[PDB]
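> 3D, please:
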Amino acid sequence: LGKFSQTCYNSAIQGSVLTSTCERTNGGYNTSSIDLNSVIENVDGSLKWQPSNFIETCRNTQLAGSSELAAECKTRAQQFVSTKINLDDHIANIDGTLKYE
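Residues are numbered from 1 along each chain as shown. Right below this line is the structure:
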């Protein structure tokens, strides 16, 4: 499931939009963008795979490592702490286009 990093490169993240170049099934490269906001939520300090507009309570979203997304999110105590989530869990590349599964 996911692992789009196996056939995509030059991946970049801006705000909540994931943008990357992925290989097409019949050869060639395709470039597309998708909003991770509809699938990531903040649970008492940690980002989880569930919709809730996490960026509304999180800031400084950036690309960490090859497939890890690191950001800072508010805990129930109103303090920003370090949080991370594995994009490889559900973000996959289908025919050169990114699609959550």
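> Quick check: buried residues in stretch 17-26?
Using 16 or more other C-beta atoms under 10 Å as the test for burial, stretch 17-26 gives 18, 20, 22-23. (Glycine included, C-beta is placed from N, CA and C.)
> Stretch 31-50 too?
Judged by neighbour count (16+ other C-beta under 10 Å), stretch 31-50 contains these buried residues: 34, 36-37, 39-40, 42, 47.
> can you list contacts of that stretch?
16-22, 51-55, 57-58, 69, 71, 73-76, 81, 83-85, 87, 89-91, 96-100 (C-beta atoms under 8 Å, 6 or more residues apart in numbering).
> out of these, which are buried?
Applying 16+ other C-beta under 10 Å to these flags 16, 18, 20, 22, 54-55, 58, 69, 71, 73-74, 83, 85, 87, 90-91, 96, 98 as buried.
> and the residues you listed, which of them are in strands?
18, 20, 22, 58, 69, 71, 73-74, 83, 85, 91, 98 (DSSP state E).
> Quick check: the two most widely separated of the residues you listed?
22 and 74 (32.7 Å; C-beta to C-beta).
> From residue 59, how far out is residue 90?
Distance, residue 90 to residue 59, by C-beta to C-beta, to the nearest Å: 23 Å.
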